[PDB]
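Reminder, nothing fancy here: chain letters follow the sequence lines and each chain counts from 1.
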Amino acid sequence: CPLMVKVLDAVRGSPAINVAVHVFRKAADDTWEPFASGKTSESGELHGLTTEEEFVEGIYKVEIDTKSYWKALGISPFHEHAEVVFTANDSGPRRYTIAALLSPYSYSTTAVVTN
Amino acid sequence: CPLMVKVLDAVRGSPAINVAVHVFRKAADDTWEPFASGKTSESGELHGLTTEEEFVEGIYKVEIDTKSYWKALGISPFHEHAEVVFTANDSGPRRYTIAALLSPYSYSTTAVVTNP
Amino acid sequence: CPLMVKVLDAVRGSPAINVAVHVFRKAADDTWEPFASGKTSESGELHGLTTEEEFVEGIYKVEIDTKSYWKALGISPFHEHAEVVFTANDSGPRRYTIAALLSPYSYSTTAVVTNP
Amino acid sequence: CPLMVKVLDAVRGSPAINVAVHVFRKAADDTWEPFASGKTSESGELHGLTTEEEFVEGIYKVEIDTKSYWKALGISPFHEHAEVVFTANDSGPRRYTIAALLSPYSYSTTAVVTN
Ligand SMILES: COc1ccc2c(c1)c(CC(=O)O)c(C)n2C(=O)c1ccc(Cl)cc1
Ligand SMILES: COc1ccc2c(c1)c(CC(=O)O)c(C)n2C(=O)c1ccc(Cl)cc1
(Lines give C-alpha, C1' and ligand atoms only; values in the text may rest on other atoms or scores of the structure.)
(Ligands and ions follow the chains in the order given, each with its own letter.)
Protein backbone atom coordinates (compact mmCIF):
# COMPACT_ATOMS: atom_id res chain seq x y z
CA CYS A 1 0.00 0.00 0.00
CA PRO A 2 2.15 2.82 -1.29
CA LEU A 3 -0.42 5.66 -0.76
CA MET A 4 -2.79 6.02 2.20
CA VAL A 5 -4.97 8.94 3.27
CA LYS A 6 -6.00 9.77 6.79
CA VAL A 7 -8.63 12.42 7.66
CA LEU A 8 -9.46 13.77 11.12
CA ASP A 9 -12.19 16.13 12.30
CA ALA A 10 -10.89 18.95 14.58
CA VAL A 11 -14.35 20.02 15.82
CA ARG A 12 -15.44 16.57 17.13
CA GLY A 13 -11.98 15.08 17.81
CA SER A 14 -12.72 11.99 15.71
CA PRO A 15 -11.76 10.33 12.47
CA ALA A 16 -13.59 11.97 9.58
CA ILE A 17 -15.78 9.15 8.19
CA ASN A 18 -17.25 8.64 4.72
CA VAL A 19 -15.24 11.50 3.24
CA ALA A 20 -14.85 11.18 -0.56
CA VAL A 21 -11.24 11.34 -1.80
CA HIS A 22 -10.24 11.54 -5.49
CA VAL A 23 -6.64 11.05 -6.68
CA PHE A 24 -5.37 12.39 -10.01
CA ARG A 25 -2.09 11.96 -11.84
CA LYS A 26 -0.70 14.85 -13.92
CA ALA A 27 -0.77 13.87 -17.69
CA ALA A 28 1.80 15.09 -20.34
CA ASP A 29 -0.65 17.84 -21.52
CA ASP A 30 -0.82 19.18 -17.93
CA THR A 31 -4.42 18.00 -17.36
CA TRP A 32 -5.42 15.97 -14.31
CA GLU A 33 -6.19 12.36 -15.06
CA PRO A 34 -8.44 10.44 -12.63
CA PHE A 35 -6.23 7.86 -10.98
CA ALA A 36 -8.00 6.38 -7.88
CA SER A 37 -10.79 7.25 -5.46
CA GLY A 38 -12.69 6.01 -2.43
CA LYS A 39 -14.38 7.09 0.87
CA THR A 40 -12.65 7.16 4.25
CA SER A 41 -13.61 4.30 6.57
CA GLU A 42 -14.82 4.28 10.19
CA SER A 43 -11.26 4.99 11.24
CA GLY A 44 -10.97 7.99 8.85
CA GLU A 45 -8.65 6.07 6.54
CA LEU A 46 -8.45 5.15 2.94
CA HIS A 47 -6.24 2.28 1.89
CA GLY A 48 -5.84 0.24 -1.36
CA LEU A 49 -5.91 3.29 -3.64
CA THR A 50 -3.07 1.93 -5.83
CA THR A 51 -0.19 -0.67 -6.06
CA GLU A 52 3.57 -0.18 -6.23
CA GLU A 53 3.49 -1.17 -9.93
CA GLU A 54 1.04 1.66 -10.94
CA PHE A 55 2.26 4.34 -8.52
CA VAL A 56 5.07 5.57 -10.78
CA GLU A 57 7.01 8.83 -10.23
CA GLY A 58 4.92 11.82 -11.29
CA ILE A 59 2.83 14.67 -9.89
CA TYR A 60 -0.30 13.63 -8.11
CA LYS A 61 -3.24 15.53 -6.65
CA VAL A 62 -5.34 14.25 -3.75
CA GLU A 63 -8.71 15.98 -3.51
CA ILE A 64 -10.55 15.60 -0.24
CA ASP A 65 -14.31 16.49 -0.45
CA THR A 66 -14.43 18.49 2.81
CA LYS A 67 -17.37 20.68 1.81
CA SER A 68 -19.82 17.66 1.63
CA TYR A 69 -18.47 16.31 4.93
CA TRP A 70 -19.23 19.56 6.75
CA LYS A 71 -22.67 19.96 5.06
CA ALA A 72 -23.69 16.49 6.27
CA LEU A 73 -22.88 17.69 9.79
CA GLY A 74 -24.88 20.90 9.27
CA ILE A 75 -21.86 23.09 9.56
CA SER A 76 -21.15 25.82 7.02
CA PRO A 77 -17.57 25.28 5.67
CA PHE A 78 -15.18 27.68 3.87
CA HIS A 79 -13.34 25.47 1.29
CA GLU A 80 -14.74 23.55 -1.68
CA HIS A 81 -12.28 20.78 -0.90
CA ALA A 82 -8.74 20.33 0.34
CA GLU A 83 -6.12 19.68 -2.50
CA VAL A 84 -2.72 18.03 -1.79
CA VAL A 85 -0.37 18.26 -4.77
CA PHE A 86 3.00 16.54 -4.66
CA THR A 87 5.67 14.63 -6.71
CA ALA A 88 6.02 10.91 -6.02
CA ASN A 89 9.75 10.09 -6.17
CA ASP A 90 11.50 6.71 -6.13
CA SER A 91 14.63 7.80 -4.24
CA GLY A 92 12.96 8.54 -0.86
CA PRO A 93 10.99 6.28 1.54
CA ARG A 94 8.23 4.12 -0.11
CA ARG A 95 5.02 4.62 1.89
CA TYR A 96 3.16 7.95 1.54
CA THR A 97 0.56 8.84 4.15
CA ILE A 98 -1.32 12.01 3.30
CA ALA A 99 -3.03 13.29 6.45
CA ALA A 100 -5.53 16.13 6.75
CA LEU A 101 -6.93 17.69 9.89
CA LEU A 102 -10.22 19.46 9.18
CA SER A 103 -11.97 22.53 10.63
CA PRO A 104 -14.80 24.37 8.95
CA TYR A 105 -12.60 27.41 8.06
CA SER A 106 -9.17 25.86 8.25
CA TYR A 107 -7.29 22.67 7.43
CA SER A 108 -3.85 21.34 7.73
CA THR A 109 -2.18 18.63 5.74
CA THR A 110 0.93 16.63 6.38
CA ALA A 111 2.89 13.95 4.49
CA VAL A 112 4.40 11.04 6.46
CA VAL A 113 6.84 9.39 4.08
CA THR A 114 8.34 6.12 5.55
CA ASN A 115 9.87 2.65 4.97
CA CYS B 1 -8.89 45.40 -0.25
CA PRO B 2 -11.26 42.38 -0.51
CA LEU B 3 -8.72 39.49 -1.02
CA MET B 4 -5.38 39.36 0.79
CA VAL B 5 -2.89 36.59 1.42
CA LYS B 6 -0.70 36.13 4.47
CA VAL B 7 2.12 33.52 4.57
CA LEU B 8 4.25 32.48 7.63
CA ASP B 9 7.38 30.24 7.69
CA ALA B 10 7.03 27.70 10.56
CA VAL B 11 10.77 26.70 10.37
CA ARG B 12 12.17 30.23 10.74
CA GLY B 13 9.42 31.88 12.83
CA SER B 14 9.17 34.71 10.25
CA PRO B 15 6.95 35.99 7.44
CA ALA B 16 7.39 33.94 4.21
CA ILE B 17 8.82 36.65 1.86
CA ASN B 18 8.53 36.78 -1.91
CA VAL B 19 6.16 33.78 -2.18
CA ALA B 20 4.47 33.73 -5.60
CA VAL B 21 0.65 33.50 -5.52
CA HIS B 22 -1.68 32.84 -8.51
CA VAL B 23 -5.41 33.23 -8.16
CA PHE B 24 -7.91 31.66 -10.64
CA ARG B 25 -11.66 31.90 -11.00
CA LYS B 26 -13.77 29.02 -12.31
CA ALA B 27 -15.40 30.16 -15.60
CA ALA B 28 -18.83 29.09 -16.93
CA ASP B 29 -17.28 26.42 -19.21
CA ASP B 30 -15.85 24.93 -15.93
CA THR B 31 -12.12 25.80 -16.48
CA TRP B 32 -9.81 27.89 -14.28
CA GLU B 33 -9.33 31.30 -15.64
CA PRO B 34 -6.31 33.41 -14.48
CA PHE B 35 -7.67 36.04 -12.12
CA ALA B 36 -4.80 37.79 -10.39
CA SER B 37 -1.20 37.14 -9.19
CA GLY B 38 1.43 38.64 -7.03
CA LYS B 39 4.25 38.05 -4.54
CA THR B 40 4.25 38.36 -0.71
CA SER B 41 6.14 41.31 0.68
CA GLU B 42 8.69 41.72 3.55
CA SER B 43 5.77 41.19 5.93
CA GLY B 44 4.68 37.96 4.23
CA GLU B 45 1.52 39.72 2.94
CA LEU B 46 0.04 40.23 -0.54
CA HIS B 47 -2.46 43.07 -1.06
CA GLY B 48 -4.10 44.83 -4.09
CA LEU B 49 -4.78 41.56 -5.91
CA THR B 50 -8.25 42.74 -7.02
CA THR B 51 -10.99 45.39 -6.47
CA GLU B 52 -14.47 44.90 -5.02
CA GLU B 53 -15.97 45.46 -8.51
CA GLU B 54 -13.81 42.84 -10.19
CA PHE B 55 -14.09 40.29 -7.30
CA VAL B 56 -17.54 38.99 -8.15
CA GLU B 57 -19.28 35.85 -6.93
CA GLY B 58 -17.63 32.58 -7.96
CA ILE B 59 -15.33 29.68 -7.06
CA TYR B 60 -11.74 30.91 -6.63
CA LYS B 61 -8.48 28.97 -6.38
CA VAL B 62 -5.51 30.66 -4.63
CA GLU B 63 -2.30 28.72 -5.52
CA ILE B 64 0.62 29.55 -3.24
CA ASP B 65 3.92 28.44 -4.83
CA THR B 66 5.47 26.85 -1.72
CA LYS B 67 7.86 24.48 -3.50
CA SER B 68 9.84 27.41 -5.16
CA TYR B 69 9.98 29.15 -1.81
CA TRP B 70 11.47 26.13 0.05
CA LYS B 71 13.98 25.33 -2.68
CA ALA B 72 15.62 28.81 -2.49
CA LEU B 73 16.06 28.19 1.19
CA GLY B 74 17.88 24.85 0.24
CA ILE B 75 14.99 22.74 1.39
CA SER B 76 13.33 19.99 -0.67
CA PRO B 77 9.70 20.23 0.27
CA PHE B 78 6.88 17.56 -0.21
CA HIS B 79 4.17 19.73 -1.83
CA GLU B 80 4.16 21.40 -5.29
CA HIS B 81 2.02 24.22 -3.88
CA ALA B 82 -0.79 24.97 -1.50
CA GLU B 83 -4.15 25.20 -3.16
CA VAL B 84 -6.99 27.04 -1.39
CA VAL B 85 -10.41 26.65 -3.24
CA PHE B 86 -13.59 28.48 -2.03
CA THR B 87 -16.88 30.11 -3.03
CA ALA B 88 -16.59 33.81 -2.56
CA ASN B 89 -19.22 36.55 -2.30
CA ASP B 90 -22.19 34.24 -2.72
CA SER B 91 -24.16 36.25 -0.09
CA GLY B 92 -22.88 39.72 -1.00
CA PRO B 93 -19.37 41.18 -0.94
CA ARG B 94 -16.97 39.97 1.84
CA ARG B 95 -13.30 40.60 2.66
CA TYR B 96 -11.18 37.46 2.70
CA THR B 97 -7.78 36.92 4.24
CA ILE B 98 -6.21 33.60 3.18
CA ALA B 99 -3.46 32.66 5.68
CA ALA B 100 -0.94 29.82 5.24
CA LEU B 101 1.61 28.46 7.74
CA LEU B 102 4.34 26.55 5.86
CA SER B 103 6.62 23.65 6.83
CA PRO B 104 8.57 21.51 4.45
CA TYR B 105 6.19 18.52 4.79
CA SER B 106 3.07 20.24 6.14
CA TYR B 107 0.96 23.30 5.76
CA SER B 108 -2.09 24.72 7.32
CA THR B 109 -4.46 27.26 5.74
CA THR B 110 -7.18 29.30 7.34
CA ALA B 111 -9.60 32.01 6.13
CA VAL B 112 -10.67 35.14 8.02
CA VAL B 113 -13.87 36.41 6.40
CA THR B 114 -15.37 39.77 7.40
CA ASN B 115 -18.40 41.74 6.50
CA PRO B 116 -17.97 45.32 5.11
CA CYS C 1 5.38 46.38 21.87
CA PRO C 2 7.69 43.34 22.44
CA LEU C 3 5.09 40.58 23.24
CA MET C 4 1.74 40.34 21.45
CA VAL C 5 -0.81 37.58 21.11
CA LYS C 6 -3.01 36.86 18.12
CA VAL C 7 -5.90 34.32 18.28
CA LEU C 8 -8.05 33.02 15.35
CA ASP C 9 -11.23 30.85 15.51
CA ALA C 10 -10.94 28.03 12.91
CA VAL C 11 -14.70 27.13 13.20
CA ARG C 12 -16.02 30.64 12.47
CA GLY C 13 -13.23 32.00 10.22
CA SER C 14 -12.92 35.07 12.50
CA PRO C 15 -10.67 36.58 15.16
CA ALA C 16 -11.15 34.89 18.59
CA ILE C 17 -12.51 37.85 20.65
CA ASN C 18 -12.22 38.36 24.38
CA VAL C 19 -9.92 35.36 24.97
CA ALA C 20 -8.23 35.62 28.37
CA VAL C 21 -4.41 35.30 28.33
CA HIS C 22 -2.10 34.90 31.37
CA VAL C 23 1.65 35.17 30.99
CA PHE C 24 4.11 33.80 33.61
CA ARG C 25 7.87 33.99 33.96
CA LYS C 26 9.91 31.21 35.55
CA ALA C 27 11.57 32.65 38.71
CA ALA C 28 14.97 31.65 40.15
CA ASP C 29 13.37 29.25 42.69
CA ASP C 30 11.90 27.47 39.57
CA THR C 31 8.20 28.48 40.03
CA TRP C 32 5.93 30.38 37.62
CA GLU C 33 5.52 33.92 38.62
CA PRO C 34 2.55 35.97 37.25
CA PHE C 35 3.97 38.31 34.64
CA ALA C 36 1.14 39.94 32.74
CA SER C 37 -2.48 39.26 31.60
CA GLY C 38 -5.07 40.58 29.29
CA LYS C 39 -7.91 39.81 26.88
CA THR C 40 -7.91 39.72 23.04
CA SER C 41 -9.73 42.55 21.35
CA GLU C 42 -12.28 42.72 18.45
CA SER C 43 -9.37 41.88 16.14
CA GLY C 44 -8.36 38.83 18.16
CA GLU C 45 -5.15 40.64 19.27
CA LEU C 46 -3.65 41.47 22.68
CA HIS C 47 -1.10 44.29 22.90
CA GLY C 48 0.59 46.31 25.74
CA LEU C 49 1.20 43.23 27.89
CA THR C 50 4.70 44.44 28.88
CA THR C 51 7.50 46.96 28.06
CA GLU C 52 10.96 46.25 26.68
CA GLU C 53 12.48 47.12 30.09
CA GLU C 54 10.26 44.74 32.03
CA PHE C 55 10.48 41.91 29.42
CA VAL C 56 13.90 40.62 30.40
CA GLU C 57 15.57 37.33 29.50
CA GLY C 58 13.85 34.22 30.87
CA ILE C 59 11.48 31.29 30.26
CA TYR C 60 7.92 32.56 29.71
CA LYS C 61 4.61 30.67 29.65
CA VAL C 62 1.68 32.24 27.74
CA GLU C 63 -1.57 30.48 28.82
CA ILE C 64 -4.47 31.14 26.46
CA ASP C 65 -7.80 30.27 28.15
CA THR C 66 -9.38 28.40 25.22
CA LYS C 67 -11.82 26.28 27.23
CA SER C 68 -13.73 29.41 28.58
CA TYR C 69 -13.84 30.80 25.07
CA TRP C 70 -15.41 27.64 23.53
CA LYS C 71 -17.93 27.18 26.32
CA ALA C 72 -19.49 30.66 25.77
CA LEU C 73 -19.95 29.67 22.17
CA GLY C 74 -21.84 26.49 23.46
CA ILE C 75 -19.00 24.22 22.53
CA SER C 76 -17.40 21.65 24.87
CA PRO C 77 -13.77 21.71 23.91
CA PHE C 78 -11.01 19.05 24.67
CA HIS C 79 -8.25 21.30 26.07
CA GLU C 80 -8.19 23.32 29.33
CA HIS C 81 -5.99 25.94 27.64
CA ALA C 82 -3.18 26.37 25.21
CA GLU C 83 0.19 26.69 26.83
CA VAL C 84 3.08 28.28 24.89
CA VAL C 85 6.49 28.01 26.77
CA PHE C 86 9.71 29.62 25.39
CA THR C 87 13.03 31.28 26.21
CA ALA C 88 12.83 34.91 25.37
CA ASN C 89 15.52 37.55 24.83
CA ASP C 90 18.44 35.23 25.49
CA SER C 91 20.44 36.92 22.67
CA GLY C 92 19.25 40.49 23.22
CA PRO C 93 15.77 42.01 23.00
CA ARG C 94 13.34 40.58 20.35
CA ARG C 95 9.69 41.20 19.48
CA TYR C 96 7.49 38.13 19.75
CA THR C 97 4.08 37.51 18.27
CA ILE C 98 2.44 34.35 19.67
CA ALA C 99 -0.34 33.22 17.27
CA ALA C 100 -2.92 30.50 18.00
CA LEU C 101 -5.51 28.94 15.65
CA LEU C 102 -8.27 27.30 17.72
CA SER C 103 -10.62 24.37 17.04
CA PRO C 104 -12.62 22.53 19.63
CA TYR C 105 -10.30 19.47 19.60
CA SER C 106 -7.15 20.97 18.08
CA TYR C 107 -4.97 24.00 18.15
CA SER C 108 -1.89 25.19 16.45
CA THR C 109 0.54 27.82 17.77
CA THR C 110 3.30 29.63 15.97
CA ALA C 111 5.78 32.39 16.89
CA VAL C 112 6.93 35.28 14.70
CA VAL C 113 10.15 36.64 16.19
CA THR C 114 11.73 39.84 14.85
CA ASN C 115 14.81 41.83 15.55
CA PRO C 116 14.46 45.55 16.56
CA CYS D 1 -4.53 1.40 26.27
CA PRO D 2 -6.61 4.39 27.26
CA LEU D 3 -3.97 7.10 26.45
CA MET D 4 -1.61 7.10 23.47
CA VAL D 5 0.64 9.85 22.10
CA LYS D 6 1.68 10.29 18.52
CA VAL D 7 4.37 12.78 17.38
CA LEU D 8 5.23 13.74 13.80
CA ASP D 9 8.01 15.91 12.40
CA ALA D 10 6.77 18.50 9.84
CA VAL D 11 10.25 19.37 8.50
CA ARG D 12 11.27 15.78 7.55
CA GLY D 13 7.77 14.30 7.02
CA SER D 14 8.44 11.42 9.42
CA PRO D 15 7.45 10.13 12.82
CA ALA D 16 9.32 12.02 15.53
CA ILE D 17 11.45 9.30 17.20
CA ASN D 18 12.91 9.12 20.70
CA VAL D 19 10.97 12.17 21.89
CA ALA D 20 10.58 12.25 25.70
CA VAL D 21 6.97 12.61 26.91
CA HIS D 22 5.98 13.21 30.56
CA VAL D 23 2.37 12.92 31.79
CA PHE D 24 1.13 14.63 34.96
CA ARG D 25 -2.15 14.47 36.82
CA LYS D 26 -3.48 17.59 38.59
CA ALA D 27 -3.42 16.99 42.44
CA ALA D 28 -5.96 18.53 44.95
CA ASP D 29 -3.44 21.34 45.84
CA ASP D 30 -3.26 22.29 42.13
CA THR D 31 0.32 20.99 41.70
CA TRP D 32 1.27 18.63 38.87
CA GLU D 33 1.96 15.10 39.99
CA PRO D 34 4.16 12.89 37.77
CA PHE D 35 1.89 10.20 36.39
CA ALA D 36 3.63 8.38 33.46
CA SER D 37 6.43 8.93 30.97
CA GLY D 38 8.30 7.34 28.09
CA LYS D 39 10.01 8.04 24.70
CA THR D 40 8.28 7.80 21.32
CA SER D 41 9.17 4.69 19.31
CA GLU D 42 10.38 4.28 15.72
CA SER D 43 6.84 4.95 14.59
CA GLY D 44 6.61 8.19 16.66
CA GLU D 45 4.25 6.58 19.15
CA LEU D 46 4.03 6.04 22.83
CA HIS D 47 1.76 3.33 24.16
CA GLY D 48 1.32 1.65 27.60
CA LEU D 49 1.46 4.91 29.56
CA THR D 50 -1.40 3.85 31.87
CA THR D 51 -4.35 1.35 32.37
CA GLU D 52 -8.09 1.94 32.48
CA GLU D 53 -8.03 1.33 36.27
CA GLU D 54 -5.51 4.20 36.98
CA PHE D 55 -6.68 6.64 34.30
CA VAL D 56 -9.46 8.16 36.42
CA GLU D 57 -11.33 11.39 35.53
CA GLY D 58 -9.17 14.42 36.28
CA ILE D 59 -7.01 17.07 34.60
CA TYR D 60 -3.91 15.78 32.94
CA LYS D 61 -0.93 17.46 31.30
CA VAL D 62 1.14 15.83 28.54
CA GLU D 63 4.55 17.45 28.14
CA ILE D 64 6.37 16.70 24.92
CA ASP D 65 10.15 17.53 25.05
CA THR D 66 10.31 19.17 21.59
CA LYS D 67 13.30 21.39 22.36
CA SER D 68 15.68 18.35 22.86
CA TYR D 69 14.30 16.70 19.71
CA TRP D 70 15.13 19.72 17.57
CA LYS D 71 18.58 20.23 19.21
CA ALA D 72 19.52 16.62 18.36
CA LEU D 73 18.73 17.48 14.74
CA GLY D 74 20.81 20.67 14.94
CA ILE D 75 17.84 22.89 14.42
CA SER D 76 17.20 25.88 16.66
CA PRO D 77 13.61 25.57 18.05
CA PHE D 78 11.27 28.19 19.59
CA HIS D 79 9.39 26.30 22.39
CA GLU D 80 10.74 24.66 25.54
CA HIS D 81 8.22 21.88 25.05
CA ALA D 82 4.67 21.38 23.85
CA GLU D 83 2.04 21.09 26.74
CA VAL D 84 -1.40 19.46 26.20
CA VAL D 85 -3.73 20.04 29.14
CA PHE D 86 -7.15 18.39 29.21
CA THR D 87 -9.86 16.77 31.44
CA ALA D 88 -10.29 13.00 31.13
CA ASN D 89 -14.04 12.28 31.36
CA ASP D 90 -15.87 8.96 31.66
CA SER D 91 -18.97 9.92 29.67
CA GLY D 92 -17.29 10.27 26.23
CA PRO D 93 -15.37 7.74 24.08
CA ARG D 94 -12.66 5.70 25.95
CA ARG D 95 -9.45 5.92 23.91
CA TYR D 96 -7.50 9.22 23.92
CA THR D 97 -4.89 9.78 21.23
CA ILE D 98 -2.94 12.98 21.76
CA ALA D 99 -1.20 13.89 18.49
CA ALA D 100 1.36 16.62 17.91
CA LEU D 101 2.79 17.82 14.62
CA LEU D 102 6.12 19.58 15.15
CA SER D 103 7.94 22.44 13.40
CA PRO D 104 10.81 24.38 14.88
CA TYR D 105 8.68 27.55 15.45
CA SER D 106 5.22 26.07 15.43
CA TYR D 107 3.26 23.02 16.56
CA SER D 108 -0.21 21.75 16.40
CA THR D 109 -1.93 19.29 18.65
CA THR D 110 -5.09 17.31 18.22
CA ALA D 111 -7.10 14.88 20.36
CA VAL D 112 -8.68 11.82 18.71
CA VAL D 113 -11.16 10.48 21.24
CA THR D 114 -12.73 7.10 20.11
CA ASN D 115 -14.34 3.75 21.05
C1 LIG E 1 -6.99 38.53 10.52
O2 LIG E 1 -6.19 37.97 9.46
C3 LIG E 1 -5.09 37.27 9.85
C4 LIG E 1 -5.09 35.87 9.79
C5 LIG E 1 -4.00 35.10 10.21
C6 LIG E 1 -2.88 35.73 10.71
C7 LIG E 1 -2.90 37.22 10.76
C8 LIG E 1 -3.99 37.96 10.34
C9 LIG E 1 -1.60 37.67 11.32
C10 LIG E 1 -1.11 39.09 11.60
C11 LIG E 1 -0.91 39.99 10.38
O12 LIG E 1 -1.91 40.47 9.78
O13 LIG E 1 0.25 40.26 10.02
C14 LIG E 1 -0.88 36.39 11.58
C15 LIG E 1 0.51 36.30 12.15
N16 LIG E 1 -1.66 35.35 11.17
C17 LIG E 1 -1.21 34.03 11.37
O18 LIG E 1 -0.39 33.94 12.28
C19 LIG E 1 -1.65 32.71 10.72
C20 LIG E 1 -0.99 32.13 9.63
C21 LIG E 1 -1.40 30.90 9.08
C22 LIG E 1 -2.49 30.18 9.59
CL23 LIG E 1 -3.03 28.60 8.85
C24 LIG E 1 -3.15 30.74 10.69
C25 LIG E 1 -2.73 31.97 11.25
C1 LIG F 1 -4.72 8.19 14.88
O2 LIG F 1 -3.38 8.20 14.41
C3 LIG F 1 -2.90 9.29 13.73
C4 LIG F 1 -3.16 10.61 14.15
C5 LIG F 1 -2.68 11.75 13.46
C6 LIG F 1 -1.90 11.55 12.32
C7 LIG F 1 -1.65 10.14 11.92
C8 LIG F 1 -2.14 9.05 12.61
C9 LIG F 1 -0.81 10.15 10.70
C10 LIG F 1 -0.31 8.97 9.91
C11 LIG F 1 1.08 8.51 10.25
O12 LIG F 1 1.56 8.76 11.36
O13 LIG F 1 1.73 7.87 9.39
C14 LIG F 1 -0.62 11.60 10.43
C15 LIG F 1 0.18 12.16 9.28
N16 LIG F 1 -1.25 12.29 11.39
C17 LIG F 1 -1.17 13.67 11.28
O18 LIG F 1 -0.95 14.09 10.16
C19 LIG F 1 -1.34 14.72 12.35
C20 LIG F 1 -2.09 15.84 11.97
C21 LIG F 1 -2.32 16.90 12.85
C22 LIG F 1 -1.77 16.82 14.12
CL23 LIG F 1 -2.09 18.18 15.22
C24 LIG F 1 -1.00 15.72 14.51
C25 LIG F 1 -0.77 14.66 13.63
Side-chain angles (χ1 to χ4, degrees), chain A residues 10 101 103 105-108 110, chain B residues 6-16 44 99-103 106-110 112, chain C residues 3-11 15-16 19-24 38 40 44-46 49 59-70 77-88 94-114, chain D residues 7-11 16 19 61-67 69-70 76-86 98-111:
Chain A
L101 178 60
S103 307
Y105 273 62
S106 184
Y107 62 91
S108 77
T110 312
Chain B
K6 172 131 185 142
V7 195
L8 289 180
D9 182 326
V11 167
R12 291 144 68 118
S14 69
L101 174 64
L102 309 188
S103 309
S106 190
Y107 63 89
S108 83
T109 188
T110 321
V112 180
Chain C
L3 177 60
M4 36 216 280
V5 178
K6 172 131 185 142
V7 195
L8 289 180
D9 182 326
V11 167
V19 178
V21 177
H22 295 254
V23 189
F24 307 81
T40 59
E45 292 183 353
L46 175 57
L49 279 166
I59 297 166
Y60 290 80
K61 160 168 67 164
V62 172
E63 148 201 312
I64 303 183
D65 298 327
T66 52
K67 173 183 247 197
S68 287
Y69 176 79
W70 286 115
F78 181 67
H79 306 89
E80 297 297 306
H81 44 251
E83 299 189 348
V84 180
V85 185
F86 58 105
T87 303
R94 292 298 183 272
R95 304 191 153 90
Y96 295 86
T97 299
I98 303 298
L101 174 64
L102 309 188
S103 309
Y105 272 68
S106 190
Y107 63 89
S108 83
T109 188
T110 321
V112 180
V113 172
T114 61
Chain D
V7 185
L8 299 176
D9 173 331
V11 170
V19 185
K61 172 163 64 183
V62 179
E63 197 153 87
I64 308 177
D65 186 10
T66 62
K67 192 178 187 189
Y69 176 77
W70 292 119
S76 173
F78 175 70
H79 302 92
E80 296 291 308
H81 47 252
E83 270 181 354
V84 183
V85 183
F86 66 95
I98 300 306
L101 178 60
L102 309 189
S103 307
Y105 273 62
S106 184
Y107 62 91
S108 77
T109 185
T110 312

Closest heavy-atom pair, C:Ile64 versus C:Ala100, reported as atoms and distance to 0.1 Å, is CD1-CB, 3.8 Å
Next item on the list: Give a yes or no on whether the backbone of B:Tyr107 and the side-chain of A:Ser108 come within a donor-acceptor separation of less than 3.5 Å.
Entry: no
| query | If only atom types and distance count, is the side chain of C:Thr40 paired as donor or acceptor with the main-chain N or O of C:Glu45 below 3.5 Å? | reply | no
In this structure, CD of C:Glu63 is separated from NE2 of C:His22 (nearest 0.5 Å) by 5.5 Å
Of all heavy-atom pairs linking C:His81 and C:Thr66, the shortest is CA-OG1, 3.3 Å
Nearest heavy-atom approach of B:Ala16 to B:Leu102 is CB-CD1, 4.5 Å
- Query: Looking only at atom types and distance, does a side-chain atom of B:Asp9 sit under 3.5 Å from a main-chain N or O of B:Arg12, one as donor and one as acceptor?
  - Reply: yes
Sequence neighbours excluded, the answer for ring pair (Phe, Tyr, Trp, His ring centres under 6.0 Å) partners of D:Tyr69 is none
Between A:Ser106 and B:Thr109 (side chain of the first, backbone of the second, donor and acceptor by atom type, cut-off under 3.5 Å), is there such a pair?
yes
Sorted by chain and residue number, the ring pair (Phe, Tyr, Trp, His ring centres under 6.0 Å) partners of C:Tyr60 (sequence neighbours excluded) come out as C:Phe35, C:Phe55
When every non-hydrogen atom of C:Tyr96 is compared with those of C:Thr87, the smallest separation belongs to OH-O, 4.4 Å
Would you sort out whether D:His79 and C:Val84 count as a side chain to side chain contact (heavy atoms under 4.5 Å, CB included), showing the intermediate values?
CA-CA 7 Å; D:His79 302 92; C:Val84 180; 3.7 Å; yes
OG of D:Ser76 to OH of D:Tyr105, rounded to nearest 0.5 Å, is 5.0 Å
All heavy atoms of D:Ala111 vs all of D:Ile98, minimum pair found to be CB-CD1, 4.4 Å
Here the pair of heavy atoms bringing B:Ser14 nearest to C:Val112 is CA-CG1, 4.2 Å
